[PDB]
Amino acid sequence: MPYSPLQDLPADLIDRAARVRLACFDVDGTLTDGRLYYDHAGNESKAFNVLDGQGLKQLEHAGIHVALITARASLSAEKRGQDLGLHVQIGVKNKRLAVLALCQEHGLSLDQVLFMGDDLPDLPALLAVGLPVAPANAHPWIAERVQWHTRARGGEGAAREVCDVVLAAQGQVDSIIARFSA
């Protein structure tokens, strides 16, 4: 019986995922397990996940715009966006306003936007977009306020889990597989 990201998901959600044209992702706690590795000189590192990376490229490959949105002013996140070919917006005071800006740039509504975050700074956006989603490790204040929770944890495939849903809802999977079968 074939894996389908869509079974056990409600019709309403699948319908929103089908119209997603812009997918935005918090960095820490969402593409990351929330950890910041500090070295002896205070320099910082984060761990991203390759399944998440593969998922994000596939969204881009399926004509969906992908954006990373972080309040931190980190070159890490920028370098990560470059490696996968995604937009990045760094040092953002308000994530809603950032998202709203990206809607105007691509000629989109908020109802065509997906946002994935894990904590308070993501909340303005989570409450404004057509399709908010939170990883399993999300702070309860965010979890409580978003219906769609991934089974997986941030930095352990939660973002891939989202990508798979969106791609499945947009009829993209069969062709993804066919491209990689030879």
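In this text, residue numbers run from 1 along the sequence as written.
State which stretch shows the higher mean Cα B factor in the entry: 22 to 30 or 41 to 49.
Between 41 to 49 and 22 to 30, it is 41 to 49 that shows the higher mean C-alpha B-factor.
Mean Cα B factor from the PDB record: higher for 69 to 77, or higher for 94 to 102?
Between 94 to 102 and 69 to 77, it is 69 to 77 that shows the higher mean C-alpha B-factor.
Would you mind checking where the Cα B-factor of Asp118 ranks among the modelled residues of its chain, as the lowest, middle or highest third?
Bottom third by C-alpha B-factor.
Split the chain's modelled residues into thirds by Cα B-factor; is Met1 in the lowest, middle or highest one?
Tercile = highest for this residue's CA B-factor.
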